[PDB]
Amino acid sequence: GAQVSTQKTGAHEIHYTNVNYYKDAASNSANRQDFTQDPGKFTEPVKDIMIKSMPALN
Amino acid sequence: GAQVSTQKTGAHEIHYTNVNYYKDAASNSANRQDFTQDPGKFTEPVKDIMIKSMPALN
Amino acid sequence: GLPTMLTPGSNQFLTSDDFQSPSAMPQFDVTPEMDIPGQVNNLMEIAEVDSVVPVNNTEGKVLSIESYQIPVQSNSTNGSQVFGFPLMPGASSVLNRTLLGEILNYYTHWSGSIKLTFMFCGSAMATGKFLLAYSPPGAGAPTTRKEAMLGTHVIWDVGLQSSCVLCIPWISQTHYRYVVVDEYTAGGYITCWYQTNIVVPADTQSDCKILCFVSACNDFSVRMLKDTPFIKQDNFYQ
Amino acid sequence: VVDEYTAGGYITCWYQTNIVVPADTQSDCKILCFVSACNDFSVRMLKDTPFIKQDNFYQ
Amino acid sequence: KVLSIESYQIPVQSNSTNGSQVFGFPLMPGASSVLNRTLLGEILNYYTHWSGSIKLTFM
Amino acid sequence: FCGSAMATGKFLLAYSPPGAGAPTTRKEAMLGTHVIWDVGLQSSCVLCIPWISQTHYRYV
Amino acid sequence: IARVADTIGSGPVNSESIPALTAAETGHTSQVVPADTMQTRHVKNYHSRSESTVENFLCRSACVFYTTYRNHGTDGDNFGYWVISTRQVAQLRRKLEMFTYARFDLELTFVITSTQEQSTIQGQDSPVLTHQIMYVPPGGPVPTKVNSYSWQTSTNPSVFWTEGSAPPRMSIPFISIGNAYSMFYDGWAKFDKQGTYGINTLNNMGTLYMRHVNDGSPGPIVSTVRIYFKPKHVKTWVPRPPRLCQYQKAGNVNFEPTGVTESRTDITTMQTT
Amino acid sequence: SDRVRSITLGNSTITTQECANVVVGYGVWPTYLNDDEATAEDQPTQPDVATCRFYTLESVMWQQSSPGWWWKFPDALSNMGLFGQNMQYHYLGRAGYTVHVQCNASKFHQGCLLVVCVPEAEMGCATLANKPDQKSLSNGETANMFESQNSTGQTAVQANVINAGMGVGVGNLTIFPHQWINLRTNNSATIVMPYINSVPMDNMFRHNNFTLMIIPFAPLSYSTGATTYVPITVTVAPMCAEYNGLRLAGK
Amino acid sequence: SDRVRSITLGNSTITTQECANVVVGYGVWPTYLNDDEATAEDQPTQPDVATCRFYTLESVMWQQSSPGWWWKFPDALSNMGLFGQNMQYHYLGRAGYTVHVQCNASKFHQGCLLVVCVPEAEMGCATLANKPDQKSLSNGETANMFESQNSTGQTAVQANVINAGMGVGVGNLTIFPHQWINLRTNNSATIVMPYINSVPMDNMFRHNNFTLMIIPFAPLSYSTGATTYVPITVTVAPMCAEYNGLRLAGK
Ligand SMILES: CCCCCCCCCCCCCCCC(=O)O
Ligand SMILES: CCCCCCCCCCCCCC(=O)O
Ligand SMILES: CCCCCCCCCCCCCC(=O)O
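Those protein sequence lines, which keep their order, are chains A, B, C, D, E, F, G, H and I. Position one of the first sequence corresponds to residue -4 (our numbering), numbered consecutively onward. Position one of the second sequence corresponds to residue -4 (our numbering), numbered consecutively onward. Position one of the third sequence corresponds to residue 42 (our numbering), numbered consecutively onward. Position one of the fourth sequence corresponds to residue 427 (our numbering), numbered consecutively onward. Position one of the fifth sequence corresponds to residue 3 (our numbering), numbered consecutively onward. Position one of the sixth sequence corresponds to residue 35 (our numbering), numbered consecutively onward. Position one of the seventh sequence corresponds to residue 284 (our numbering), numbered consecutively onward. Position one of the eighth sequence corresponds to residue 2 (our numbering), numbered consecutively onward. Position one of the ninth sequence corresponds to residue 2 (our numbering), numbered consecutively onward.
Laid out in structure tokens, this is it:
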């Protein structure tokens, strides 16, 4: 049970291996590459869709 | 994910193994065997081909 | 050899670690295992067993068997209280020394429903109805039977079946509670009243005893092992 | 941080016309500014802030 | 104004001249005092490098 | 609302079934059935008094 | 990949669409890009937001406390204790308090250093020192002396460490009774609202105890233990504005009122700063 | 158009002809607690009509030097009809809120109000050693006023508006679900708040855990001869209110 | 609606919430000169971003007795950024123009402005024997004012507004591409002008060849207590500007 993942490399011109040693999931290392984004919660929390090009208010 | 490469040995009369441990590509070891050569940039930067046996200037 | 880097935690003795170590007695042949009765795999199998509660743990009764005996008698009024204590199985002195409470004191967090069984150890000619109530926190402890029936309760009718169970359901805002006393995780109050009187014929004893048992339900659980405040030591036993 | 090699420029606001108002109205008005990043914004090289300090442990 | 709610208020009024300035500040979201204490600037001060486009909304 | 076009107001039109007295403050009227009326381009507003009685009919 | 958006090409426009005009009263933050108010070129942006994730922003070891204990004591009374909290330091407290709720595992690290004290006990030749950090969860028996029975650690987790080696480290899971750690609490502890108000209501994490496992030598010695917290496997909820005023207490959010920003000369001075 | 809007909850209705939009929390509409999120075992109460309805608080009067106001919830609704009743007889509770702030002007009036709902708004005391007393934090149905200067008092709240009682930048409060009442644009603001907490249910009398703040960023202004009495009315409605832990009444 | 509009040219943008429409020349959008219409042989320059952008001229102040103003183009842009630069270094040039005249009022203000672009607007002198001097015809970025009475001066322009400096009827100027700013209706007027000339390209320093006139047909009016400073801003943008004949700079 070894996990081969992709290292953090540069763009515009590379794997590491991981084995878990302990029985608890808290003993693992950090989730350094959990890239998720949902900004709509805070920037567009309104009920109606509010298209950009249209006027906000009639 | 283990990489078996050829060691540096002598000519005229031999592998090592590599595993990456860290998540960043900068944590890796040096590229000791990146043998590339393009001397034409500095020694023949002229526009025309300039064949050797021919006279350089007419 | 293999290039290796030492990381923090090397050469440290953490008393709760899981590592392999060499055996000082190699190839030792242990005695064959035997089928002994009463194997225990979980401590929750011990907390789920009934144990008598010293509800009458008053100043003089505590050094006697009269601690467990809950006195009930025939009254001239109506709606009297029989007993009352808080739902703190780990901290309350009414519960923290039972099998359930003794196991809780090794842990920091508990959760689940509790059972409170009551056995009526009076005569067979005696009769009574009792209101066993539980009230979650937020208001005070009830002081009359009219305020106790608003909460969770069971009206107990004495008869051929001598026992009755008041199941204290798990009603909290968190998932776990602290074994120690904490205001954020208050538990509520258990109270018992007279739904009627102890009516007895002539030539019978009006005074009776009731017994309390406490055990955990199938949803009970504990967490975060700790040491008990119950056992102490000054120096090594010789 | 402020650096001359990476100067950013200047934001300015002017009057393209006047604030024209009818009678019985206030000629003085307020405007509010908001600042937020676009979908191509990014940061790099975590550091500590110069905004919070401490002399000794909070009791 | 800095100890008051009048810090956020940009005053505009009716003028007698033409082409006056209303405000002006430099594009330094991390170092300029006009920006380094907003949600965008407060996050920048934990980092050494930024990049991307900025929005400036005016109400 | 037969006032000016520059005037503005919000009004609380309330209905309260019987059993308690008539409300004497706005705090007691909002407990009942009501409609908050915002004046504007639409000049009118309807408060529908629903049929809440214990009998099917009532006496005139 | 936390890759930012590419810039799209845009030419001249003349139409009825008004991307620059909006209503900020709605609470909606406008989604205008630079390609809406000017002719842009096409840019293939390879910049990524990998460093502003909440895991990377928070997964840094930070010292949260240090205390001192001696070897001689009286009588003694030469040991250390810390009631665990994350609010006695300014730096880590402000990062954790950018959110209202957080769930994470911790990486706990210790840095123990010993110092020789002024004395006339020459000559001193002291063997290597061994320290014992004991963690007592809420309700457990507390050490009263430097040699009391509680240090047996039959069920209480303890780490033993000898000087000169790597600093000790262990992992702690998410241990709260709630579904998330609270950085902020807007209620009281008692139902009648008397007593403690605020985040101190939920502070029941426990206590750490430190001592020398060695018997005290003639030469006086004082050791200091530095605790370091590192959030791991993070999940944050409800971000809030960063703390502007300087902290005063650990139990509450009491502050001294502060200006919104640094002032400048006038509304048009470009010297900012 | 999109400026008109109506909201019907229970036997109550609110119409608005000049609004902006509805801000829905963090994109989450309030719902009932599910079986896999619940931990309390007794069957909860759901009045669903008698409690999930609109309640109007006490109005304030916007003046040219008003720093702002704040309410605590559900302490503001603790005496409002059957919603306050179920709060007293129950140990645990859970609700979301529709908040409707309403202020109309004359189209010659000016001023901009920030309307925001701050979850877990813990407030500091004016004396650094003490703690704010119970009344300074939440007066119930009555608004507590911000100050435009440093507060004094042993049990007082530090109500200087520049930090909003919390020790933050008041201009940074737009990170929470907020809206603006700009007198030239709209006369009302509405926010739908889901239940936010670190536990599935909580005691409604010793915890809030969100505050409603109304802060004028642009002051009220008008020329002489115009109406000078501009009130702000607040109308809140609990959504999907359920209750657990019935017992005697209190507090 | 159709009253809102935005125009993006270069790194510049103009938004208008109260417009009427766009008048596009004679139905012709400006374009680049084609191979079969060209006669100059060298490859032309096309900056295309640094020059085809919006430039704001100097504002004037509408008063109750203002007869009107006029600008000459591209003389008005002869010192505006890189557009003026390419004009100096080149013998020949060619452009079309978006013209945006902007004047806002208070909805209690009244007055109607005629905004027209007159191609080949040759103007007469006040002295019949002489010719108007260079400054009277075009002050560059500054507006030349019409008069509401006969002009005098040896080199002066006959700027009596009733003939519009050209010897015609001022009410007949609506034959050219025009618009109206009527303060009750709209605060801006925009006209897109193609390149009009008898040759494919011309020298931009000795020829215009269109003028922008702004003539109030209904005078400005308001009751006392209202704002009395009503300015008119002019923002022009060359479209599809190309240049031929590079040499030393001049004029
Ligand atoms: C031998 C060492 C064991 C020590 C174990 C320490 C466990 C204590 C819990 C640490 C987590 C506290 C996080 C609280 C977060 C908050 O209050 O915001
Ligand atoms: C961090 C790099 C770890 C390199 C691997 C060393 C640990 C032993 C790997 C053993 C792989 C076989 C176990 C398995 O089946 O998953
Ligand atoms: C520098 C020599 C390294 C020798 C190998 C030690 C590290 C563990 C190797 C584990 C190989 C399996 C992992 C994989 O699948 O790639």
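Just so you know, even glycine gets a beta-carbon here, dropped at the ideal spot from N, CA and C.
Proximity test, residue i beta-carbon vs ligand 1 heavy atom, cut-off 7 angstroms
i	result
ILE7(E)	no
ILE367(G)	yes
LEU391(G)	yes
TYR464(G)	yes
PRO440(G)	yes
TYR418(G)	yes
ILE395(G)	no
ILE458(G)	yes
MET381(G)	no
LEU201(C)	no
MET453(G)	yes
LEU341(G)	no
beta-carbon residue i near ligand 2 non-hydrogen atom, thresh 7 angstroms
i	result
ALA25(A)	no
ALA(-3)(A)	yes
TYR16(B)	yes
Backbone CA spacing between residue i and residue j [nearest angstrom]
i	j	result
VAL169(H)	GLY534(G)	17 angstroms
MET194(H)	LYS42(A)	12 angstroms
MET214(H)	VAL171(H)	11 angstroms
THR45(C)	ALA307(G)	58 angstroms
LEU252(C)	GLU74(C)	41 angstroms
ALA132(C)	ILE212(C)	18 angstroms
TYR219(C)	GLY229(C)	14 angstroms
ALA6(B)	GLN28(B)	16 angstroms
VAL24(E)	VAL394(G)	56 angstroms
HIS216(C)	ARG264(C)	11 angstroms
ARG39(E)	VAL543(G)	7 angstroms
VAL14(B)	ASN26(B)	14 angstroms
Where residue i meets chain H, residues with beta-carbon distance less than 7 angstroms
i	result
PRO40(A)	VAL24, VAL25, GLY26, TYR27, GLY28 and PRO178
Neighbouring residues, chain A, relative to residue i (Cβ below 9 angstroms)
i	result
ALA21(H)	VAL41, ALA51 and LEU52
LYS515(G)	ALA21, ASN23, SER24, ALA25 and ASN26
Partners in chain G for residue i, counting only beta-carbon separations shorter than 8 angstroms
i	result
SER453(D)	In chain order: nothing, as chain G lies at least about 18 angstroms away.
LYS47(A)	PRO302, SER313, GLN314, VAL315 and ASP319
Closer than 7 angstroms: residue i CB and nearest ligand 3 heavy atom
i	result
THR12(B)	yes
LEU43(C)	yes
Residue i beta carbon near ligand 5 (any heavy atom closer than 7 angstroms)
i	result
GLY406(G)	Within the structure as shown, ligand 5 is missing, the only ligands being ligand 1, ligand 2 and ligand 3.
Neighbouring residues, chain A, relative to residue i (Cβ below 8 angstroms)
i	result
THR519(G)	None at all; the shortest Cβ gap to chain A is about 12 angstroms.
Contacts of residue i in chain H (Cβ-Cβ under 8 angstroms)
i	result
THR42(F)	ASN105, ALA106, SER107, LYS108 and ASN188
Chain D contact residues for residue i, given Cβ-Cβ distances below 8 angstroms
i	result
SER35(E)	By Cβ distance, chain D contributes nothing, its closest Cβ being about 11 angstroms from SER35(E), past 8 angstroms.
Going along the segment 301 to 323 of chain G in order, which residues come within less than 8 angstroms of chain H, judged by CB to CB distance? Correct list: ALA306, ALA307, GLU308, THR309, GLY310 and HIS311.
Given a limit of 8 angstroms on CB to CB distance, which residues of the segment 91 to 107 of chain H reach chain G? Listed by position, the residues of the segment 91 to 107 of chain H near chain G (Cβ gap below 8 angstroms) amount to none.
Along the segment 176 to 188 of chain C, where does the CB come closer than 8 angstroms to a CB of chain H? Name the residues. Residues are counted here when their Cβ sits less than 8 angstroms from a Cβ of chain H; for the segment 176 to 188 of chain C these are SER176, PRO177, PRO178, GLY179, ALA180, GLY181, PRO183 and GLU188, given in chain order.
Residue ranges of each beta strand (DSSP E) run of no fewer than 3 residues wholly in the segment 173 to 250 of chain I, ordered along the chain? Whole beta strand (DSSP E) segments, 3+ residues: 179 to 183, 189 to 194, 211 to 222 and 231 to 247.
Run through the segment 486 to 539 of chain G for me and flag every whole beta strand (DSSP E) of 3 or more residues, listed as ranges in chain order. Restricting attention to beta strand (DSSP E) runs no shorter than 3 residues, the segment 486 to 539 of chain G encloses them at 490 to 495, 504 to 512 and 514 to 522, ordered along the chain.
When Cβ atoms are compared, which residues of the segment 42 to 54 of chain E fall closer than 8 angstroms to chain H? Residues passing the 8 angstroms Cβ filter: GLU44.
Quick one, which residues of the segment 221 to 248 of chain H are near chain D if we go by CB-CB under 9 angstroms, in chain order? So the list reads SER222, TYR223, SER224, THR225, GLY226 and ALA227, given in the order they occur along the chain.
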